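Data block below; observations after.
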Amino acid sequence: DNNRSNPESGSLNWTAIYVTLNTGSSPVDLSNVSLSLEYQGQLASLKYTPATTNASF
Amino acid sequence: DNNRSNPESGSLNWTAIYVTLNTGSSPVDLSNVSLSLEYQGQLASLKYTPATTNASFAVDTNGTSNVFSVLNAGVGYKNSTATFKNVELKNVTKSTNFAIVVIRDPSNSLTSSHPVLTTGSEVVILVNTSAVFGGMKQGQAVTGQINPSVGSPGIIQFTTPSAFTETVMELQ
Amino acid sequence: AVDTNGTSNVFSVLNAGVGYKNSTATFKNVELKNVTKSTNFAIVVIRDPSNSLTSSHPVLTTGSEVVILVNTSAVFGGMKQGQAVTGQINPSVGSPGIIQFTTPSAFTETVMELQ
Amino acid sequence: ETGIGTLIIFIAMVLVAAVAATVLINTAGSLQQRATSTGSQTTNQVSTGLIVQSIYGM
Ligand SMILES: *[C@@H]1O[C@H](CO)[C@H](O)[C@H](O[C@@H]2O[C@H](CO)[C@@H](O[C@@H]3O[C@H](CS(=O)(=O)O)[C@H](O)[C@H](O[C@H]4O[C@H](CO[C@H]5O[C@H](CO)[C@@H](O)[C@H](O)[C@@H]5O)[C@@H](O)[C@H](O)[C@@H]4O)[C@H]3O[C@H]3O[C@H]([C@@H](O)CO)[C@H](O)[C@H](O)[C@H]3O)[C@H](O)[C@H]2O)[C@H]1O
Ligand SMILES: *[C@@H]1O[C@H](CO)[C@H](O)[C@H](O[C@@H]2O[C@H](CO)[C@@H](O[C@@H]3O[C@H](CS(=O)(=O)O)[C@H](O)[C@H](O[C@H]4O[C@H](CO[C@H]5O[C@H](CO)[C@@H](O)[C@H](O)[C@@H]5O)[C@@H](O)[C@H](O)[C@@H]4O)[C@H]3O[C@H]3O[C@H]([C@@H](O)CO)[C@H](O)[C@H](O)[C@H]3O)[C@H](O)[C@H]2O)[C@H]1O
Ligand SMILES: *[C@@H]1O[C@H](CO)[C@H](O)[C@H](O[C@@H]2O[C@H](CO)[C@@H](O[C@@H]3O[C@H](CS(=O)(=O)O)[C@H](O)[C@H](O[C@H]4O[C@H](CO)[C@@H](O)[C@H](O)[C@@H]4O)[C@H]3O[C@H]3O[C@H]([C@@H](O)CO)[C@H](O)[C@H](O)[C@H]3O)[C@H](O)[C@H]2O)[C@H]1O
Ligand SMILES: *[C@@H]1O[C@H](CO)[C@H](O)[C@H](O[C@@H]2O[C@H](CO)[C@@H](O[C@@H]3O[C@H](CS(=O)(=O)O)[C@H](O)[C@H](O[C@H]4O[C@H](CO)[C@@H](O)[C@H](O)[C@@H]4O)[C@H]3O[C@H]3O[C@H]([C@@H](O)CO)[C@H](O)[C@H](O)[C@H]3O)[C@H](O)[C@H]2O)[C@H]1O
Ligand SMILES: *[C@@H]1O[C@H](CO)[C@H](O)[C@H](O[C@@H]2O[C@H](CO)[C@@H](O[C@@H]3O[C@H](CS(=O)(=O)O)[C@H](O)[C@H](O[C@H]4O[C@H](CO)[C@@H](O)[C@H](O)[C@@H]4O)[C@H]3O[C@H]3O[C@H]([C@@H](O)CO)[C@H](O)[C@H](O)[C@H]3O)[C@H](O)[C@H]2O)[C@H]1O
Ligand SMILES: *[C@@H]1O[C@H](CO)[C@H](O)[C@H](O[C@@H]2O[C@H](CO)[C@@H](O[C@@H]3O[C@H](CS(=O)(=O)O)[C@H](O)[C@H](O[C@H]4O[C@H](CO)[C@@H](O)[C@H](O)[C@@H]4O)[C@H]3O[C@H]3O[C@H]([C@@H](O)CO)[C@H](O)[C@H](O)[C@H]3O)[C@H](O)[C@H]2O)[C@H]1O
Ligand SMILES: *[C@@H]1O[C@H](CO)[C@H](O)[C@H](O[C@@H]2O[C@H](CO)[C@@H](O[C@@H]3O[C@H](CS(=O)(=O)O)[C@H](O)[C@H](O[C@H]4O[C@H](CO)[C@@H](O)[C@H](O)[C@@H]4O)[C@H]3O)[C@H](O)[C@H]2O)[C@H]1O
Ligand SMILES: *[C@@H]1O[C@H](CO)[C@H](O)[C@H](O[C@@H]2O[C@H](CO)[C@@H](O[C@@H]3O[C@H](CS(=O)(=O)O)[C@H](O)[C@H](O[C@H]4O[C@H](CO)[C@@H](O)[C@H](O)[C@@H]4O)[C@H]3O)[C@H](O)[C@H]2O)[C@H]1O
Ligand SMILES: *[C@@H]1O[C@H](CO)[C@H](O)[C@H](O)[C@H]1O
Ligand SMILES: *[C@@H]1O[C@H](CO)[C@H](O)[C@H](O)[C@H]1O
């Protein structure tokens with residue numbers, strides 16, 4: 001929640017998702033992974049960009 | 001009772017209901033709560049409307065000498081020139097809505113915009129009886145329910161005394 | 001009918017306007033009684049957080065509540081004392097709602113709880 | 001191949017599971033109304049009664 005003083009009138013600013021591989025699975029590169037989300041008539045498509053510096057890692 | 005000089009020939013003008021959560025219960029939002037009442041062939045359905053200003057809401061967690069004195073409490077301003085809150089709780093509480101008065105709030109979860117009832121909290125629901133039914137009379141049956149969106153309802157069932165002898169009376 | 005702001009009487013929605021008698025009419029002067037007959041029922045909205053309920057599309061969603069009114073005097077010609085009533089509310093998809101009650105032995109008050 | 005035969009039986013398995021689900025819901029709904037009515041009727045049965053005050057003769 002984005003409000004600490006009163007969380008009742010707040011909204012979600014950050015979301016965390018825990019991800020693992022399935023049992024007996026081949027390795028997966030996360031750079032070729034696309035994430036889809038649907039909320040209130042908005043379809044998002046999120047993508048990770050690999051970099052040496054200034055990377056979200 | 002509405003008559004102070006002689007309560008014998010009087011009628012009920014205000015009613016107060018004490019409400020708590022059950023043990024091991026999830027939080028309940030009072031804005032999605034509907035109150036039903038049945039009296040003398042009249043089935044009422046009352047609803048609270050959340051607002052920042054001019055909302056039927058009062059905080060009384062520090063204690064009070066009189067519960068029925070929160071009717072004179074300020075909720076809003078008449079105009080822009082008002083220094084203090086000069087709109088009383090009487091002027092907003094009508095025949096379609098009820099007021100919420102906070103008694104206990106340990107976690108500070110109850111606001112005028114978001115009245116969320118949590119564990120250990122207690123509220124008083126005030127109903128303008130003179131607006132809804134036009135005064136309750138002697139020896140009459142009252143039946144109703146407090147229905148949440150999710151959960152089990154609270155039951156209201158009492159018969160009004162045969163003769164009103166005092167100003168403030170216990171019904172249930 | 002929409003009654004989400006709250007009401008002092010539920011049975012007061014019978015006098016509520018639904019249409020116009022003439023094209024010259026200033027306000028809705030056709031009452032709810034006039035359109036509720038022996039073949040149909042009326043829908044009265046109590047709660048709708050999603051605003052999914054309209055006259056054209058009455059879609060019931062999560063957290064919503066409605067009242068179904070039946071003109072008993074038109075369908076059966078008035079229900080009497082000590083009589084058994086059994087019925088169902090059948091949706092197109094899903095499990096039905098069950099109606100089963102016996103009318104009280106003596107009607108002592110104007111408005112009574114049945115089930 | 002086995003792929004074709006698997007899909008055909010899959011459809012049948014889903015339809016069978018729906019049948020058994022319907023039985024449990026319908027039975028619980030029927031028993032709901034009986035148990036509710038029995039409780040209310042018994043409460044009225046115990047509480048209600050008549051009492052004789054006095055008898056006079058001429
Ligand atoms: C998280 O949730 C919470 C609760 O839901 C909030 O929504 C919060 O948002 C923040 O809200 C505060 C308060 O509304 C904002 O700060 C305010 O900034 C304003 C600038 S603006 O005019 O340009 O918009 C004003 O400077 C505010 O001051 C106002 O309030 C003063 C006090 O009013 C009280 O007076 C009496 C008691 O004396 C009482 O009867 C009244 O009911 C009322 O509470 C007043 O003197 C000023 O003239 C002016 O109107 C300012 O609010 C400031 O005070 C509050 C708090 O005391 C009020 O009860 C609080 O400490 C703030 O920190 C403080 O700045 C802020 O912009 C929002 O971010 C969410 O983050
Ligand atoms: C709470 O309960 C109580 C008790 O059950 C009341 O029901 C009360 O309602 C209020 O009642 C009073 C009194 O009925 C009302 O005030 C009255 O207003 C009238 C205006 S009206 O005519 O347009 O309707 C009149 O002005 C009333 O004055 C009348 O009475 C005068 C006195 O009559 C007495 O005379 C002799 C003794 O001298 C005695 O033998 C009689 O039996 C009688 O008691 C008379 O001079 C006038 O000509 C006129 O008829 C007025 O009542 C006023 O007097 C009473 C009290 O003295 C009477 O005993 C009281 O103080 C009132 O405050 C006062 O105004 C009022 O409208 C109702 O609200 C419930 O609230
Ligand atoms: C989503 O909503 C959130 C509402 O809950 C919040 O608003 C988020 O924004 C975030 O706000 C917090 C402050 O509340 C910021 O966190 C603080 O960032 C600084 C970075 S700095 O460059 O300004 O120095 C720092 O990392 C602070 O950590 C200190 O405290 C911890 C724990 O005590 C300790 O490891 C170190 O001493 C460190 O310096 C951090 O503030 C946190 O700590 C404080 C107090 O304990 C300080 O005494 C509060 O507990 C606070 O809640 C903690 O966050 C973020 O920068 C910002 O993203 C929004 O995204
Ligand atoms: C239902 O029926 C009721 C019958 O019992 C009654 O008619 C209700 O209407 C209410 O009537 C009372 C008066 O009896 C009003 O209460 C008074 O309101 C004013 C508001 S103001 O804007 O006019 O100033 C004020 O809040 C008064 O409180 C004063 O007195 C208390 C206690 O002494 C004290 O905190 C302050 O000094 C404060 O100024 C209040 O009147 C009360 O006090 C008097 C005397 O003690 C005064 O000396 C009486 O004891 C009286 O009974 C008290 O109510 C309401 O406005 C009105 O709703 C009806 O709803
Ligand atoms: C709910 O509805 C109520 C009606 O059912 C009512 O409208 C409530 O609002 C309240 O209204 C009263 C006025 O009726 C307000 O009290 C007044 O406040 C002003 C402040 S100002 O900025 O507007 O000037 C002022 O202080 C008034 O005092 C007058 O009277 C005194 C004494 O005679 C005098 O010294 C002053 O100079 C001034 O003229 C005050 O009104 C009070 O006095 C009047 C009359 O005596 C005036 O001749 C009434 O007795 C009234 O009951 C007194 O309150 C409240 O601020 C407001 O809450 C609404 O909530
Ligand atoms: C004992 O317990 C019972 C439950 O086990 C029940 O609660 C009894 O209360 C009775 O309830 C019935 C409703 O079923 C009512 O009787 C009906 O009364 C009206 C007349 S009204 O003036 O009361 O409105 C109705 O017209 C029927 O009366 C007809 O029959 C009688 C003969 O008994 C005759 O004198 C009248 O002129 C009239 O023709 C009556 O309903 C009964 O008859 C119907 C049909 O034959 C009608 O064509 C059915 O057979 C039905 O089962 C009968 O009940 C009363 O309100 C009440 O006595 C409680 O005593
Ligand atoms: C809570 O309830 C109360 C009581 O029911 C109010 O309804 C209140 O709403 C406010 O109403 C007042 C009065 O209608 C509004 O004030 C008007 O607008 C401006 C201020 S502003 O909006 O431009 O910022 C101004 O104060 C006006 O006053 C003018 O009219 C008066 C006549 O009464 C006269 O003295 C002067 O000509 C003056 O210029 C006033 O009409 C206010 O905007 C609402 O919030 C509700 O919050
Ligand atoms: C509980 O139910 C009862 C019904 O049993 C009421 O609905 C009650 O609400 C109160 O309603 C009365 C109206 O009857 C309100 O009193 C009015 O207050 C205004 C002030 S403001 O709102 O304009 O700011 C005003 O003082 C009114 O006075 C006017 O009418 C009288 C005639 O009676 C006249 O003499 C005056 O000159 C003036 O024109 C007054 O009627 C009260 O505020 C509500 O609390 C509910 O609590
Ligand atoms: C109750 O008291 C606290 C301090 O304990 C604070 O002043 C609040 O404003 C009051 O309601
Ligand atoms: C606000 O309204 C009051 C009367 O309620 C008065 O006219 C003031 O002058 C205004 O500011």
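Naming convention: chains lettered A, B, ... in sequence-line order (proteins, then strands); numbering from 1 in each chain. Worth knowing before you read on, the calculation uses all heavy atoms, side chains too, and leaves out hydrogens, waters and symmetry mates.
When heavy atoms are compared at a cutoff of 4.5 Å, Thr4(C) approaches chain B solely by way of its backbone atoms N, CA, C and O.
Separating the OG atom in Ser45(B) from the CD1 atom in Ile46(C) is a distance of 5.0 Å, to the nearest 0.5 Å. Distance check: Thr110(C) OG1 to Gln42(B) CD gives 11.0 Å after rounding to the nearest 0.5 Å. The distance from atom CG of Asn32(B) to atom OG of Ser64(C), rounded to the nearest 0.5 Å, is 11.0 Å.
Chain B forms the most heavy-atom pairs under 4.5 Å with one residue out of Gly6(C), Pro49(C), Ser12(C), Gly63(C), and that residue is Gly6(C). Across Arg47(C), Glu113(C), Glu109(C), the residue that shares the most heavy-atom pairs under 4.5 angstrom with chain B is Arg47(C).
Nearest heavy-atom pair across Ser95(B) and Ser8(C) is O-CB, 3.7 Å.
Not a single donor-acceptor pair under 3.5 Å links the side chain of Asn9(C) to the backbone N or O of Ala44(B).
Crowding of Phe107(C) atom CZ: a count of heavy atoms from other residues, nucleotides or ligands under 6.0 Å exceeding 12. Remark: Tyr18(B) OH is loosely packed, at most 12 non-hydrogen atoms of other residues, nucleotides or ligands lying under 6.0 Å away. Environment of CG in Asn5(C): sparse, with no more than 12 heavy atoms of neighbouring residues, nucleotides or ligands closer than 6.0 Å. For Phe11(C), the CZ atom sits in a loose shell: 12 or fewer heavy atoms of surrounding residues, nucleotides or ligands are nearer than 6.0 Å.
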